[PDB]
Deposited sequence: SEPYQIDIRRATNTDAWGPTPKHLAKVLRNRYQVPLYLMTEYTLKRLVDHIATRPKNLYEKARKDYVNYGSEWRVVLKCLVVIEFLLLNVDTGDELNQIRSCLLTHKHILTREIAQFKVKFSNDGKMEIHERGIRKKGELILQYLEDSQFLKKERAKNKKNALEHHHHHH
């Protein structure tokens, strides 16, 4: 129910469109009131809960009440945006250690991700590539550093 949770939900909804840059700006702005660790943990929880609510087979599929992949991709887009946009030191380190504490999400669940359903293969590829990128940011701090520097190039153009 917290404002930061509402902002993360909005940025990572089931709609076919977004997050917009405003949705992402809004999320980032919660860092004035909320630890990055909690923002990152919540985004990961939502990703995990949406992966787990999916039927494992056609029996279960017909018995519980195929666009859950969008929530997953959007949660990864949010994670990337934060890694690129938070402040060096405290903020970045809270994101990284939250991701490192839950590394299996990236190394296994996203790495092995299967979309269910006619564009299953492309959506699958977009999810796996995004998780590769987040992994690269964690494995190579120098690459993340330079990517963070380039991200500031046009920061006051608005």
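>> Comparing the deposited sequence against the modelled residues, what ranges come up empty for C-alpha?
In response: Unobserved in coordinates, per deposited numbering: 66-69, 122-124, 166-170.
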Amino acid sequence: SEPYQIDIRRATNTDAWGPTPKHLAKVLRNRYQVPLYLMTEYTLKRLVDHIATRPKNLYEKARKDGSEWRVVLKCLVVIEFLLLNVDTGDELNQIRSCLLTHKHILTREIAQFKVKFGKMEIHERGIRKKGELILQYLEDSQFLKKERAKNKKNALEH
From here on, numbers count along this sequence of modelled residues.
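>> On mean Cα temperature factor in this entry, is 1-9 or 149-157 the higher one?
In response: Going by the record's values, the stretch with the higher mean is 149-157.
> For the listed residues 121, 91, 41, 132, which one has the largest C-alpha B-factor as given in the deposited model?
Replying inline: That would be 121.
>> Can you tell me which of 67, 107, 30, 97 has the maximum CA B-factor listed in the PDB entry?
In response: Most elevated C-alpha B-factor of the set, per the entry: 67.
>> Please say which third, lowest, middle or highest, residue 102 falls into when its CA temperature factor is compared across its chain.
In response: Middle third.
>> Among the modelled residues of this chain, does the Cα B factor of residue 55 put it in the lowest, middle or highest third?
In response: It falls in the top third of the chain.
> In terms of the chain's CA B-factor thirds, is residue 115 lowest, middle or highest?
Replying inline: Highest third.
>> Among the modelled residues of this chain, does the Cα B factor of residue 24 put it in the lowest, middle or highest third?
In response: Tercile = lowest for this residue's CA B-factor.
> Lowest, middle or highest third of the chain for the C-alpha temperature factor of residue 144?
Replying inline: Its C-alpha B-factor belongs to the lowest third of this chain's values.
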